[PDB]
């Protein structure tokens, strides 16, 4: 039942950013107004899930950028053995699926794709987790279902460690 008739690419000028509605105006507007320009500037890189038949149709997207957190915010399961210093991460700044395609596994595939992409980059430049600011309790619970864990004093901000993500990629044959 999982939707797989799509392919991943960097956001580009040919893609239909207007005909996307994930149900959250802020994410729709980011795709419309900011994703492509930010990608070219380098402030955040956005990747789209494109329909295999209509290559202009965006089924979903995610966006990443390098970041860091102070030691006080990081749960000990991640910071154990690292010393009392800033923790390098990648922020998953955006993740969205078009409402017409939701609940079909595309969000899960995109989260794992983002994690794989950041893990690969971290082999060159460092980083140990994805940092996620969840919009609400429901979204927070969605990320917790993949092993993301809340920051120490910010319950809606989560860390999904590359250790957790690597194990999930392994168990699902996605390495």
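Residue numbers count along the first chain shown, from 1.
Stretches 75-83 and 92-100 differ in mean CA B factor, with 75-83 having the higher one. Taking the mean C-alpha B-factor of each stretch as recorded, 61-69 and 143-151 are not equal, and the higher mean is that of 143-151. Comparing the listed residues 124, 38, 113, 52, the entry records the largest Cα B-factor for 52. Of the candidates 159, 25, 11, 165, the one whose C-alpha carries the top B factor in the deposited record is 25. Annotation for residue 138: CA B-factor lies in the highest third of the chain's modelled residues. Ranked within its chain, residue 109 lands in the middle third, by CA B factor from the PDB record. Residue 120: CA B factor lies in the highest third for its chain, per the PDB record.
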